[PDB]
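Next up: just one chain, as structure tokens, the form deposited in one PDB entry.
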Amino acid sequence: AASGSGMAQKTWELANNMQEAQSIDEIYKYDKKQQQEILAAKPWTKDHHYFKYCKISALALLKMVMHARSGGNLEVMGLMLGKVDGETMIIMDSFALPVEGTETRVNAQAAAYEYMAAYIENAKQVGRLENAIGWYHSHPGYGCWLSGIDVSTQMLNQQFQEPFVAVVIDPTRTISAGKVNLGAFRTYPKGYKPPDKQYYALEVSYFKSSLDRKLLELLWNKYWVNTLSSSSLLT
């Protein structure tokens, strides 16, 4: 019973310190009006430390995790959707870039940011559109941080794609239902030396909307079933 899917979903929710909320229901700090005054004001572009916070939906987290896990020891890659509410960036959704490989990365500086921006460009202005609030890739066993290419890529993002964030994730290990290894990062412009590194880490929190729940259930189901197919991890 505690070995079943639901008790596992609950354990995993607990280890990750989630919240049950309304998308607001305290999630948003700011009311719609003052959300828009900030959106229009663009308090970043001036303060480089402006964004101190990142909040990720259970849904977007789970899909990312499953993506990173399915990809194995290959580094996988994807984008993320969401809204900026003040200094807090909110990721409502995530998904997988159709093109997996490191040649879009290692072979040139801007290659990855260009694929990213062209995909986005196409994925709005035509069907279903978006607002893309960042990108994510996996560091399967070397942990969560930014490589030189992560950093150059994220800098191009924070020039052209702003607001944008880079999410790194390391699916390996972590028990069965247990703390995700994740990080969310922003770069600094080419000059910046706020001298008390070219990037910094936001503070990540997890939450789940009330309409996430059935999807969350099917998804977590598949995820847990595939957990059971490789095991002696849960002993």
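All residue numbers are counted from 1 along the displayed sequence. Heads up, when I say rigid core I mean the largest set of C-alphas that superpose within 1.5 Å between the two forms.
- Of the other entries compared for this protein that flank it with modelled residues, a third or more give no atoms for residue 178.
- Modelled in this chain, residue 101 is nonetheless absent from a third or more of the other compared entries whose models extend past it on both sides.
- Between 210-218 and 7-15, the higher mean Cα B-factor belongs to 210-218.
- Higher average CA B factor: 127-135, of the stretches 127-135 and 142-150.
- Each of 51, 30, 192, 185 has a CA temperature factor in the record; the biggest one is found at 192.
- Ranking 63, 69, 46, 179 by Cα temperature factor from the entry places 46 first.
- For residue 106, the recorded CA temperature factor ranks within the highest third of the chain's modelled residues.
- Ranked within its chain, residue 167 lands in the lowest third, by CA B factor from the PDB record.
- In this PDB entry, the Cα temperature factor of residue 82 sits in the middle third of its chain's modelled residues.
- For residue 201, the recorded CA temperature factor ranks within the lowest third of the chain's modelled residues.
- Compared with the other modelled residues of the chain, the Cα B-factor recorded for residue 35 ranks in the middle third.
Omitted here: the form solved in complex with a small molecule. The next part is about that form.
- The closest heavy atom approach of residue 76 to the small molecule in the bound PDB entry falls within 4.5 Å.
- Contact check for residue 149: a heavy atom falls within 4.5 Å of the small molecule in the bound PDB entry.
- Among residues of the shown chain, residue 94 is not one whose heavy atoms approach the small molecule to within 4.5 Å in the bound PDB entry.
- Although the partner is absent from this view, residue 135 contacts the small molecule in the bound PDB entry, with a non-hydrogen atom inside 4.5 angstroms.
- Using a 4.5 Å heavy atom cutoff, none of 188, 198 and 201 lies near the small molecule in the bound PDB entry.
- Of the candidates 81, 120, 156, 144, 156 is the one whose heavy atoms come within 4.5 Å of the small molecule in the bound PDB entry; the others do not.
- Put the two forms on the same core and the Cα of residue 123 is off by 2 Å or more between the shown form and the other one.
- Once both forms are overlaid on the rigid core, the distance between the two CA positions of residue 112 between the shown form and the other one is 2 angstroms or more.
- Comparing the forms between the shown form and the other one, the C-alpha position of residue 53 differs by less than 2 angstroms, with the core used for superposition.
- Note on residue 82 and residue 120: their C-alpha atoms are nearer in the bound PDB entry, a change of at least 3 Å from this conformation.
- In the bound PDB entry, the CA atoms of residue 185 and residue 28 move farther apart by at least 3 angstroms compared with the shown structure.
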